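One chain comes next, on its own, written as C-alpha cells: the form deposited in one PDB entry.
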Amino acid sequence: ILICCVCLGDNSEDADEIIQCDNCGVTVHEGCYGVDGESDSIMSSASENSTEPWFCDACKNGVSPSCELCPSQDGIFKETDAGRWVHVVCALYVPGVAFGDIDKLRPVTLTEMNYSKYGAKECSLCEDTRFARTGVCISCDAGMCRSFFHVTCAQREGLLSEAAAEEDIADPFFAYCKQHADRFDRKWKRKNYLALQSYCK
C-alpha cells in the first residue's frame, strides 16, 4: 500500500499518483512534490513498459541530506537556495518558509528570520533528547496553547493536518498537540505513518 511521506494520504490517481524514488525508496504524491503533470522522461521513450524510473531531488544530487529545520533523516527533501536541504513537510508547516515556485515546489529560500529560530524552542516530542533543541519547532495551533515540536516529530505522532481547499484558510497547514488533537485524525495518520515505515525499512 502506497502512502505519501508528505501528507500521509493513501489515495493515488492518474492525476495525482503516489510515486517512488528508485534509489532511496521514498514515496510521495506527485502533487505533494511539485512533480505533477510533467511529460514522460526522455529515458522513458525507449521502454515499452507502463512505467518510467523516478528519483527524488536529493538522489539526483547524490546526497543523503539532513534538514535545516529538524533532526530527522527520513522522508523527502528539497534543496535550498544556499545549497542546503529541507523536508518538504518542514517547509510547508514552519512559518516564514515559502517555495519559490509553487508549481514545482522549488527551491526553498530560508531567511535570517528562519535561522534565528534555530534551537529557540525545545521539541516536546523528540525521542532523542540530544536533538530536541536543533532545528525549528512549530507550535500547537489551538487557542494560545504553547506546546512545541519539530514538524517531523509531530508528523510521526499523527498531529499534522491540512485544511481542505474548499475551506479557504490562507495557511491551510496546522498542527495540534496531543491534548488538543482530533483523535480520529490522529488514529489514521499514525496508522499510515506506521505502514509507511514498514514499507520503506
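Residue numbers here begin at 1 and follow the sequence given. Residues that one form lacks are left out of the comparison. If you superpose the two forms and keep the largest set of C-alpha atoms that fall within 1.5 Å, you have the rigid core.
Form deposited in another entry: not shown, discussed below.
Review point. Which of these moves by 2 angstroms or more at the C-alpha between the shown form and the other one, core superposed: 110, 76, 92, 105?
Key: Once the cores are aligned, the residue moving by 2 Å or more is 105.
Check your understanding: Between residue 105 and residue 75, does the Cα distance in the other entry come out closer or farther than in this form, changing by 3 Å or more?
Key -> Compared with the form shown here, the C-alpha atoms of residue 105 and residue 75 sit farther apart in the other entry, by 3 Å or more.
Review point. Between residue 100 and residue 11, does the Cα distance in the other entry come out closer or farther than in this form, changing by 3 Å or more?
Key: Nearer in the other entry, by 3 Å or more.
Point to revise | Where the chain shifts between the shown form and the other one once the rigid core is fitted, runs of at least 3 with Cα moving 2 Å or more | key: When the rigid core is held fixed, residues 99 to 106 make up the only run that shifts.
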